[PDB]
>>> print(open('structure12.cif').read())   # mmCIF, C-alpha atoms; chains and numbers go by the auth columns
data_final
loop_
_atom_site.group_PDB
_atom_site.id
_atom_site.type_symbol
_atom_site.label_atom_id
_atom_site.label_comp_id
_atom_site.label_asym_id
_atom_site.label_seq_id
_atom_site.Cartn_x
_atom_site.Cartn_y
_atom_site.Cartn_z
_atom_site.B_iso_or_equiv
_atom_site.auth_seq_id
_atom_site.auth_asym_id
ATOM 1 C CA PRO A 1 0.000 0.000 0.000 0.00 25 A
ATOM 2 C CA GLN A 2 1.170 3.510 -0.915 0.00 26 A
ATOM 3 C CA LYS A 3 2.358 5.373 2.161 0.00 27 A
ATOM 4 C CA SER A 4 2.205 9.162 2.374 0.00 28 A
ATOM 5 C CA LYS A 5 5.634 9.470 4.024 0.00 29 A
ATOM 6 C CA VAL A 6 8.639 7.457 5.167 0.00 30 A
ATOM 7 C CA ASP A 7 10.908 8.174 8.141 0.00 31 A
ATOM 8 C CA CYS A 8 14.588 8.446 7.250 0.00 32 A
ATOM 9 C CA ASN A 9 17.167 5.873 8.363 0.00 33 A
ATOM 10 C CA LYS A 10 18.061 5.639 12.026 0.00 34 A
ATOM 11 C CA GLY A 11 21.822 6.299 11.739 0.00 35 A
ATOM 12 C CA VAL A 12 23.825 9.094 10.126 0.00 36 A
ATOM 13 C CA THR A 13 26.142 9.266 7.092 0.00 37 A
ATOM 14 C CA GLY A 14 26.997 12.938 7.551 0.00 38 A
ATOM 15 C CA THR A 15 24.865 16.017 6.993 0.00 39 A
ATOM 16 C CA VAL A 16 23.644 18.329 4.265 0.00 40 A
ATOM 17 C CA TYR A 17 26.241 20.887 5.404 0.00 41 A
ATOM 18 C CA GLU A 18 29.051 19.673 3.153 0.00 42 A
ATOM 19 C CA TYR A 19 27.004 20.400 0.004 0.00 43 A
ATOM 20 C CA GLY A 20 25.666 23.396 -1.887 0.00 44 A
ATOM 21 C CA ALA A 21 24.038 24.566 -5.102 0.00 45 A
ATOM 22 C CA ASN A 22 24.009 27.592 -7.412 0.00 46 A
ATOM 23 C CA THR A 23 21.057 29.947 -7.199 0.00 47 A
ATOM 24 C CA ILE A 24 18.927 29.930 -10.339 0.00 48 A
ATOM 25 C CA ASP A 25 19.034 33.759 -10.478 0.00 49 A
ATOM 26 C CA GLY A 26 22.682 34.679 -10.182 0.00 50 A
ATOM 27 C CA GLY A 27 24.625 31.436 -10.344 0.00 51 A
ATOM 28 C CA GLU A 28 25.794 32.199 -6.796 0.00 52 A
ATOM 29 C CA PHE A 29 27.037 29.131 -4.944 0.00 53 A
ATOM 30 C CA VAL A 30 25.190 28.564 -1.653 0.00 54 A
ATOM 31 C CA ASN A 31 26.546 26.011 0.778 0.00 55 A
ATOM 32 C CA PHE A 32 23.703 24.684 2.913 0.00 56 A
ATOM 33 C CA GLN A 33 25.291 25.926 6.172 0.00 57 A
ATOM 34 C CA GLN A 34 23.642 29.182 5.125 0.00 58 A
ATOM 35 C CA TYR A 35 20.665 27.297 6.651 0.00 59 A
ATOM 36 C CA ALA A 36 22.594 25.836 9.595 0.00 60 A
ATOM 37 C CA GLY A 37 20.194 25.087 12.440 0.00 61 A
ATOM 38 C CA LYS A 38 17.040 25.495 10.325 0.00 62 A
ATOM 39 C CA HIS A 39 14.573 22.825 9.273 0.00 63 A
ATOM 40 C CA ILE A 40 14.937 22.505 5.480 0.00 64 A
ATOM 41 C CA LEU A 41 12.379 21.175 2.985 0.00 65 A
ATOM 42 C CA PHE A 42 14.147 20.011 -0.207 0.00 66 A
ATOM 43 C CA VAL A 43 11.766 19.754 -3.188 0.00 67 A
ATOM 44 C CA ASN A 44 12.670 18.772 -6.746 0.00 68 A
ATOM 45 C CA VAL A 45 10.368 20.774 -9.003 0.00 69 A
ATOM 46 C CA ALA A 46 9.197 21.015 -12.610 0.00 70 A
ATOM 47 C CA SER A 47 7.074 23.408 -14.649 0.00 71 A
ATOM 48 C CA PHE A 48 4.903 21.182 -16.882 0.00 72 A
ATOM 49 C CA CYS A 49 3.606 18.645 -14.362 0.00 73 A
ATOM 50 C CA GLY A 50 0.112 18.285 -12.923 0.00 74 A
ATOM 51 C CA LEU A 51 1.840 18.837 -9.575 0.00 75 A
ATOM 52 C CA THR A 52 3.176 22.183 -10.843 0.00 76 A
ATOM 53 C CA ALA A 53 -0.185 23.450 -9.617 0.00 77 A
ATOM 54 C CA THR A 54 1.100 22.840 -6.028 0.00 78 A
ATOM 55 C CA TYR A 55 3.601 25.740 -6.269 0.00 79 A
ATOM 56 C CA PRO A 56 1.111 28.152 -4.622 0.00 80 A
ATOM 57 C CA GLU A 57 0.504 25.653 -1.813 0.00 81 A
ATOM 58 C CA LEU A 58 4.266 25.443 -1.273 0.00 82 A
ATOM 59 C CA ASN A 59 4.242 29.239 -0.837 0.00 83 A
ATOM 60 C CA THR A 60 1.537 28.899 1.792 0.00 84 A
ATOM 61 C CA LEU A 61 3.586 26.216 3.563 0.00 85 A
ATOM 62 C CA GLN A 62 6.670 28.415 3.521 0.00 86 A
ATOM 63 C CA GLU A 63 4.788 31.464 4.688 0.00 87 A
ATOM 64 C CA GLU A 64 3.039 29.718 7.517 0.00 88 A
ATOM 65 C CA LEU A 65 6.041 27.731 8.695 0.00 89 A
ATOM 66 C CA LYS A 66 8.649 30.505 8.417 0.00 90 A
ATOM 67 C CA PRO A 67 8.064 31.673 12.054 0.00 91 A
ATOM 68 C CA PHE A 68 8.801 28.075 13.087 0.00 92 A
ATOM 69 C CA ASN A 69 12.277 27.854 11.566 0.00 93 A
ATOM 70 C CA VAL A 70 11.451 26.177 8.231 0.00 94 A
ATOM 71 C CA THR A 71 13.052 27.032 4.868 0.00 95 A
ATOM 72 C CA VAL A 72 11.916 25.585 1.524 0.00 96 A
ATOM 73 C CA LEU A 73 14.472 24.952 -1.265 0.00 97 A
ATOM 74 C CA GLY A 74 13.503 24.074 -4.864 0.00 98 A
ATOM 75 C CA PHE A 75 15.605 22.085 -7.348 0.00 99 A
ATOM 76 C CA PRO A 76 14.396 22.115 -10.968 0.00 100 A
ATOM 77 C CA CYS A 77 14.890 18.786 -12.710 0.00 101 A
ATOM 78 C CA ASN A 78 14.072 17.658 -16.269 0.00 102 A
ATOM 79 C CA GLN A 79 14.454 13.918 -15.587 0.00 103 A
ATOM 80 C CA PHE A 80 10.753 13.050 -15.015 0.00 104 A
ATOM 81 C CA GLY A 81 8.730 13.179 -18.224 0.00 105 A
ATOM 82 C CA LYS A 82 10.999 16.035 -19.399 0.00 106 A
ATOM 83 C CA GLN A 83 8.736 18.407 -17.514 0.00 107 A
ATOM 84 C CA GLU A 84 11.404 21.098 -16.986 0.00 108 A
ATOM 85 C CA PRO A 85 12.641 21.868 -20.500 0.00 109 A
ATOM 86 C CA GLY A 86 13.417 25.532 -19.880 0.00 110 A
ATOM 87 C CA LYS A 87 16.886 26.942 -19.354 0.00 111 A
ATOM 88 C CA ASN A 88 17.734 28.395 -15.935 0.00 112 A
ATOM 89 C CA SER A 89 17.049 31.859 -17.351 0.00 113 A
ATOM 90 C CA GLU A 90 13.553 30.709 -18.443 0.00 114 A
ATOM 91 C CA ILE A 91 12.166 28.883 -15.404 0.00 115 A
ATOM 92 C CA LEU A 92 11.043 31.767 -13.150 0.00 116 A
ATOM 93 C CA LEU A 93 9.602 33.548 -16.199 0.00 117 A
ATOM 94 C CA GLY A 94 7.535 30.475 -17.026 0.00 118 A
ATOM 95 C CA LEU A 95 6.336 30.182 -13.438 0.00 119 A
ATOM 96 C CA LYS A 96 5.253 33.832 -13.503 0.00 120 A
ATOM 97 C CA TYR A 97 3.608 33.982 -16.939 0.00 121 A
ATOM 98 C CA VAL A 98 2.787 30.452 -18.149 0.00 122 A
ATOM 99 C CA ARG A 99 2.291 27.836 -15.420 0.00 123 A
ATOM 100 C CA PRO A 100 1.170 28.516 -12.728 0.00 124 A
ATOM 101 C CA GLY A 101 1.198 31.881 -14.490 0.00 125 A
ATOM 102 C CA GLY A 102 -0.968 34.694 -13.205 0.00 126 A
ATOM 103 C CA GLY A 103 2.033 36.480 -11.701 0.00 127 A
ATOM 104 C CA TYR A 104 3.086 33.561 -9.478 0.00 128 A
ATOM 105 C CA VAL A 105 6.511 33.929 -7.830 0.00 129 A
ATOM 106 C CA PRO A 106 8.007 31.414 -5.349 0.00 130 A
ATOM 107 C CA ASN A 107 8.625 32.836 -1.875 0.00 131 A
ATOM 108 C CA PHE A 108 11.548 30.420 -1.465 0.00 132 A
ATOM 109 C CA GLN A 109 14.877 29.905 -3.225 0.00 133 A
ATOM 110 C CA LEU A 110 15.173 27.933 -6.478 0.00 134 A
ATOM 111 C CA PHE A 111 18.547 26.579 -7.583 0.00 135 A
ATOM 112 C CA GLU A 112 19.953 25.761 -11.010 0.00 136 A
ATOM 113 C CA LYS A 113 18.388 22.913 -12.966 0.00 137 A
ATOM 114 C CA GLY A 114 20.284 19.634 -12.595 0.00 138 A
ATOM 115 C CA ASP A 115 19.930 15.897 -12.126 0.00 139 A
ATOM 116 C CA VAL A 116 18.658 14.214 -8.957 0.00 140 A
ATOM 117 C CA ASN A 117 19.120 10.619 -10.267 0.00 141 A
ATOM 118 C CA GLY A 118 21.704 8.918 -12.460 0.00 142 A
ATOM 119 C CA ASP A 119 25.452 9.179 -12.621 0.00 143 A
ATOM 120 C CA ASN A 120 25.405 13.002 -12.861 0.00 144 A
ATOM 121 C CA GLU A 121 23.025 13.502 -9.930 0.00 145 A
ATOM 122 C CA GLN A 122 23.863 16.349 -7.566 0.00 146 A
ATOM 123 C CA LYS A 123 25.729 15.006 -4.521 0.00 147 A
ATOM 124 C CA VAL A 124 23.309 16.467 -1.984 0.00 148 A
ATOM 125 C CA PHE A 125 20.698 14.192 -3.566 0.00 149 A
ATOM 126 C CA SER A 126 22.995 11.144 -3.366 0.00 150 A
ATOM 127 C CA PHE A 127 23.067 11.900 0.382 0.00 151 A
ATOM 128 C CA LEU A 128 19.325 12.610 0.781 0.00 152 A
ATOM 129 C CA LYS A 129 18.093 9.714 -1.374 0.00 153 A
ATOM 130 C CA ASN A 130 20.239 7.132 0.391 0.00 154 A
ATOM 131 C CA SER A 131 19.527 8.446 3.913 0.00 155 A
ATOM 132 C CA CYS A 132 15.835 7.463 3.654 0.00 156 A
ATOM 133 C CA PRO A 133 13.788 4.551 2.300 0.00 157 A
ATOM 134 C CA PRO A 134 12.257 5.172 -1.134 0.00 158 A
ATOM 135 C CA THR A 135 8.755 6.599 -1.178 0.00 159 A
ATOM 136 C CA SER A 136 7.103 3.757 -3.090 0.00 160 A
ATOM 137 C CA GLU A 137 7.294 0.097 -4.079 0.00 161 A
ATOM 138 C CA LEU A 138 6.320 1.291 -7.544 0.00 162 A
ATOM 139 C CA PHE A 139 9.369 2.458 -9.441 0.00 163 A
ATOM 140 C CA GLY A 140 7.255 3.653 -12.371 0.00 164 A
ATOM 141 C CA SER A 141 7.325 3.270 -16.141 0.00 165 A
ATOM 142 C CA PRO A 142 10.862 3.789 -17.456 0.00 166 A
ATOM 143 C CA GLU A 143 9.843 5.421 -20.744 0.00 167 A
ATOM 144 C CA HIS A 144 9.101 8.503 -18.570 0.00 168 A
ATOM 145 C CA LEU A 145 12.350 8.202 -16.544 0.00 169 A
ATOM 146 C CA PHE A 146 15.287 9.904 -18.235 0.00 170 A
ATOM 147 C CA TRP A 147 18.372 8.746 -16.349 0.00 171 A
ATOM 148 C CA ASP A 148 20.717 5.802 -15.954 0.00 172 A
ATOM 149 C CA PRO A 149 21.141 3.670 -14.060 0.00 173 A
ATOM 150 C CA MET A 150 17.998 2.959 -12.010 0.00 174 A
ATOM 151 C CA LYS A 151 18.170 2.210 -8.295 0.00 175 A
ATOM 152 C CA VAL A 152 15.715 1.401 -5.503 0.00 176 A
ATOM 153 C CA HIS A 153 16.386 4.695 -3.687 0.00 177 A
ATOM 154 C CA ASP A 154 15.907 6.978 -6.748 0.00 178 A
ATOM 155 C CA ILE A 155 13.538 9.906 -6.518 0.00 179 A
ATOM 156 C CA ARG A 156 10.343 8.644 -8.165 0.00 180 A
ATOM 157 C CA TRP A 157 8.947 11.788 -9.834 0.00 181 A
ATOM 158 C CA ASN A 158 8.719 15.564 -9.755 0.00 182 A
ATOM 159 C CA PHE A 159 7.902 17.138 -6.353 0.00 183 A
ATOM 160 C CA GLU A 160 9.330 14.433 -4.116 0.00 184 A
ATOM 161 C CA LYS A 161 10.260 16.042 -0.789 0.00 185 A
ATOM 162 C CA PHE A 162 12.767 15.670 2.070 0.00 186 A
ATOM 163 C CA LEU A 163 12.690 17.302 5.503 0.00 187 A
ATOM 164 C CA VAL A 164 16.130 17.862 7.050 0.00 188 A
ATOM 165 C CA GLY A 165 16.442 18.621 10.764 0.00 189 A
ATOM 166 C CA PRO A 166 18.298 21.474 12.448 0.00 190 A
ATOM 167 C CA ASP A 167 21.457 19.327 12.695 0.00 191 A
ATOM 168 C CA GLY A 168 21.545 18.814 8.916 0.00 192 A
ATOM 169 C CA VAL A 169 20.349 15.184 9.075 0.00 193 A
ATOM 170 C CA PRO A 170 17.311 13.993 7.049 0.00 194 A
ATOM 171 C CA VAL A 171 14.174 13.226 9.078 0.00 195 A
ATOM 172 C CA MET A 172 11.423 12.203 6.642 0.00 196 A
ATOM 173 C CA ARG A 173 10.596 11.912 2.940 0.00 197 A
ATOM 174 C CA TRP A 174 7.184 12.346 1.266 0.00 198 A
ATOM 175 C CA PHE A 175 5.647 10.660 -1.752 0.00 199 A
ATOM 176 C CA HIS A 176 5.358 13.266 -4.504 0.00 200 A
ATOM 177 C CA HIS A 177 1.539 13.010 -4.601 0.00 201 A
ATOM 178 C CA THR A 178 1.021 13.550 -0.879 0.00 202 A
ATOM 179 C CA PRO A 179 -1.008 16.778 -0.467 0.00 203 A
ATOM 180 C CA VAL A 180 1.128 19.767 0.497 0.00 204 A
ATOM 181 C CA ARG A 181 -1.226 20.462 3.426 0.00 205 A
ATOM 182 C CA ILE A 182 -0.299 17.046 4.825 0.00 206 A
ATOM 183 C CA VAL A 183 3.405 17.859 4.357 0.00 207 A
ATOM 184 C CA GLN A 184 2.800 21.068 6.301 0.00 208 A
ATOM 185 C CA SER A 185 0.893 19.343 9.122 0.00 209 A
ATOM 186 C CA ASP A 186 3.486 16.521 9.273 0.00 210 A
ATOM 187 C CA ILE A 187 6.210 19.123 9.659 0.00 211 A
ATOM 188 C CA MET A 188 4.375 20.874 12.473 0.00 212 A
ATOM 189 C CA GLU A 189 3.793 17.537 14.199 0.00 213 A
ATOM 190 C CA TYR A 190 7.525 16.829 13.999 0.00 214 A
ATOM 191 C CA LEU A 191 8.348 20.336 15.245 0.00 215 A
ATOM 192 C CA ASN A 192 5.986 20.027 18.214 0.00 216 A
ATOM 193 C CA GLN A 193 7.276 16.520 19.061 0.00 217 A
ATOM 194 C CA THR A 194 10.944 17.580 19.151 0.00 218 A
ATOM 195 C CA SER A 195 9.804 20.677 21.134 0.00 219 A
#
>>> encode(input="structure12.cif", output="structure tokens")
Amino acid sequence: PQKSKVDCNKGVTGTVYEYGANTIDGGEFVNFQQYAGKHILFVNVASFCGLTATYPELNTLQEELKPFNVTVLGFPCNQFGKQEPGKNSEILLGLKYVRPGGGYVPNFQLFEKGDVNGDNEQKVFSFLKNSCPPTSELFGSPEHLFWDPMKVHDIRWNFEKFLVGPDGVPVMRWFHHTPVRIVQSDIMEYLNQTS
């Protein structure tokens, strides 16, 4: 049965603090210690997915969880149905004018497009993906999956999500189709549990 969430593995293999990424608007390298001590929600995103419509809900999550020490980070990725064809210089424009359109702007940082699976995957995602069980028994249909090789712990689709705790260690990982409101309420439950 499809679970909404998995808890990440009980040990540690390091933290997110040895990694970084370039901002989509500026190419500026950001090492993730710029978020040292914050709870971080890593989301791989795309612009021509049904789940692209969840961008505004992500804003709501960010806005309502910002007073509680939560930062959302977005990673565009073209590996799932080729649903992020735009260049880095095109992605925010498309979000604003095409889909979601209507003037939509993320209220959280997006980084440069890159891979999250395969032999050129960004290293932070090697760490995240292998710190947690995969989100689903179902790997999917490989005609839609544009990377090599394929592994149990691969990200399954656009808008998969990881929560990383204030020590830089992953805590939980959501199925891409889990409603954003349930991600938000799961995060608050975690926050209230760990005081």
>>> resolve_selection(input="structure12.cif", expression="the PyMOL selection byres ((chain A and resi 179-185) around 7)", output="short mmCIF file (atom, residue, chain, number, x, y, z; two decimals) with C-alpha atoms, keeping the file's coordinate frame")
data_model
loop_
_atom_site.label_atom_id
_atom_site.label_comp_id
_atom_site.auth_asym_id
_atom_site.auth_seq_id
_atom_site.Cartn_x
_atom_site.Cartn_y
_atom_site.Cartn_z
CA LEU A 65 12.38 21.18 2.98
CA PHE A 66 14.15 20.01 -0.21
CA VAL A 67 11.77 19.75 -3.19
CA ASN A 68 12.67 18.77 -6.75
CA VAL A 69 10.37 20.77 -9.00
CA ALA A 70 9.20 21.02 -12.61
CA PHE A 104 10.75 13.05 -15.02
CA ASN A 141 19.12 10.62 -10.27
CA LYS A 153 18.09 9.71 -1.37
CA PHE A 163 9.37 2.46 -9.44
CA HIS A 177 16.39 4.70 -3.69
CA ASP A 178 15.91 6.98 -6.75
CA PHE A 186 12.77 15.67 2.07
CA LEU A 187 12.69 17.30 5.50
CA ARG A 197 10.60 11.91 2.94
CA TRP A 198 7.18 12.35 1.27
CA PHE A 199 5.65 10.66 -1.75
CA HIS A 200 5.36 13.27 -4.50
#
>>> axis_aligned_box(input="structure12.cif", around="range 148-152 of chain A", padding_each_side="5 Å", output="lines of an AutoDock Vina configuration file")
center_x = 21.3
center_y = 13.8
center_z = -1.4
size_x = 14.0
size_y = 15.3
size_z = 14.3
>>> closest_atom_pairs(input="structure12.cif", of="range 65-105 of chain A", to="range 110-125 of chain A", cutoff="10 Å", atoms="all atoms listed in the file", output="CSV")
residue,atom,partner,partner_atom,distance
A:70,CA,A:115,CA,8.9
A:71,CA,A:123,CA,6.6
A:72,CA,A:123,CA,7.3
A:73,CA,A:123,CA,9.3
A:76,CA,A:124,CA,6.9
A:77,CA,A:124,CA,6.1
A:78,CA,A:124,CA,8.8
A:79,CA,A:124,CA,7.4
A:80,CA,A:124,CA,8.1
A:100,CA,A:115,CA,8.4
A:101,CA,A:110,CA,10.0
A:102,CA,A:110,CA,8.7
>>> write_last_selection(input="structure12.cif", atoms="C-alpha atoms", output="JSON list (two decimals), keeping the file's coordinate frame")
[["chain", "number", "residue", "atom", "x", "y", "z"],
["A", 70, "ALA", "CA", 9.20, 21.02, -12.61],
["A", 71, "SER", "CA", 7.07, 23.41, -14.65],
["A", 72, "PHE", "CA", 4.90, 21.18, -16.88],
["A", 73, "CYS", "CA", 3.61, 18.64, -14.36],
["A", 76, "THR", "CA", 3.18, 22.18, -10.84],
["A", 77, "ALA", "CA", -0.18, 23.45, -9.62],
["A", 78, "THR", "CA", 1.10, 22.84, -6.03],
["A", 79, "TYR", "CA", 3.60, 25.74, -6.27],
["A", 80, "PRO", "CA", 1.11, 28.15, -4.62],
["A", 100, "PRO", "CA", 14.40, 22.12, -10.97],
["A", 101, "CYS", "CA", 14.89, 18.79, -12.71],
["A", 102, "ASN", "CA", 14.07, 17.66, -16.27]]
>>> resolve_selection(input="structure12.cif", expression="the PyMOL selection byres ((chain A and resi 49-60) around 9)", output="number ranges by chain")
A: 40-48, 61-64, 95, 112-113, 116, 134-136, 190-192
>>> atom_distance(input="structure12.cif", atom1="CA of residue 201 in chain A", atom2="CA of residue 28 in chain A")
8.0 Å
